[PDB]
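Residue numbers (the entry's author numbering), protein chains in the order written: chain D, 809 to 854; chain B, 1 to 51.
Structure first, then comments.
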Amino acid sequence: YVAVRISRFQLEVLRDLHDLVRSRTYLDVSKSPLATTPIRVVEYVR
Amino acid sequence: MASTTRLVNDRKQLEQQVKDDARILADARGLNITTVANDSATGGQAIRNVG
Numbered sequence: 809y810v811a812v813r814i815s816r817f818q819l820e821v822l823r824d825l826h827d828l829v830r831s832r833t834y835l836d837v838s839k840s841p842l843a844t845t846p847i848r849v850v851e852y853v854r
Numbered sequence: 001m002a003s004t005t006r007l008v009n010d011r012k013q014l015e016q017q018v019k020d021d022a023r024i025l026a027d028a029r030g031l032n033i034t035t036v037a038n039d040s041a042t043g044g045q046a047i048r049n050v051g
């Protein structure tokens with residue numbers, strides 16, 4: 809006799825095929841490579 | 001009375017300097033505090049009111 813219903817459903821329509829294209833962000837290892845070893849600092853007392 | 005009469009003080013200054021520069025460079029590694037509890041109870045005889 810009693811029905812449980814909802815409101816405010818959020819869904820996304822597109823209306824064009826090109827809108828399925830988004831963007832990410834990657835690291836360019838070609839000119840910014842990943843380091844392999846620390847700096848190997850050495851200290852002397854003044 | 002020459003430079004040979006200044007050896008003990010020289011050794012004192014050298015010892016102080018070595019003690020200092022052996023600690024300026026030593027790494028600082030802090031420990032983890034443990035063994036903390038409430039274990040300081042006080043005893044004695046009660047009053048035990050009579051009546």
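The C-beta atom is built at its ideal place from N, Cα and C for all residues, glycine as well.
Considering only residues of the same chain and omitting the five flanking positions on each side of residue 2(B), which have a CB-CB separation below 8 angstroms?
Within the same chain, no residue comes within 8 angstroms of residue 2(B) by CB-CB distance, once the 5 residues on both sides are set aside.
If you follow the alpha helix (DSSP H) that residue 23(B) is in, where does it begin and where does it stop?
Note, residue 23(B): alpha helix (DSSP H), 7-24.
With H, G and I counted as helix, E and B as strand and the rest as coil, what does DSSP make of residue 838(D)?
It is coil, neither helix nor strand.
Would you be able to state if there are at least three C-beta pairs under 8 angstroms between the stretch 14-21 of chain B and the stretch 39-48 of chain B?
With the cut-off at 8 angstroms, the stretch 39-48 of chain B and the stretch 14-21 of chain B do not touch.
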